[PDB]
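Next up: just one chain, as structure tokens, the form deposited in one PDB entry.
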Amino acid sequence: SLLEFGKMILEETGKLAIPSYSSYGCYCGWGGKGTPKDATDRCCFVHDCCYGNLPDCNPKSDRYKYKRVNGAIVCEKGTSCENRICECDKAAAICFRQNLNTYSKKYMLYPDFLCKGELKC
């Protein structure tokens, strides 16, 4: 679920998902079009694609379980949708951690008109 993803993001990065990642660049929190602005925005682009691989799942609301094996995120077995959603979220949280070194506050509340053109998954 979106709330669980937000908690995962905070655990991983020390940033609150809202507002650090809820309106960032062209793809974080409301992705759709444009060239991603930086590596963090590319995490969101890929995460959006990942959810796109699951048209008959409901990633905003469906809850999954996971645990930590010494820092590592381990998705625990639920329904097929839950497992796949968890793997998408895990990847994005890791990606955000890997790209904290270039996170830029200038991309928070990034305006829609600067995000043009479709980029295929």
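Each form is matched to the other, and the largest set of C-alpha atoms that superpose within 1.5 Å is called the rigid core. In case it trips you up, residue 1 is the first one in the sequence shown, and so on.
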Between 18-26 and 109-117, larger RMS Cα displacement in 8 other deposited structures of this protein after core fit: 109-117
Which of 28-36 and 42-50 strays further in 8 other deposited structures of this protein - Cα RMS after rigid core alignment: 28-36
Should the higher mean CA B-factor in the entry be assigned to 28-36 or to 57-65? 28-36
Pick between 6-14 and 101-109: the one whose mean CA B-factor in the entry is higher. 101-109
Compared with the other modelled residues in the chain, in which third is the CA B-factor of residue 72? highest
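One more form of this protein should be noted, the form deposited with a partner chain bound, which is absent from this view; the next part is about it.
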Using a 4.5 angstroms cut-off on non-hydrogen atoms, would residue 2 count as touching its partner chain in the deposited bound form? yes
So, residue 29 and its partner chain: in the deposited bound form, are they within 4.5 Å at any heavy atom pair? yes
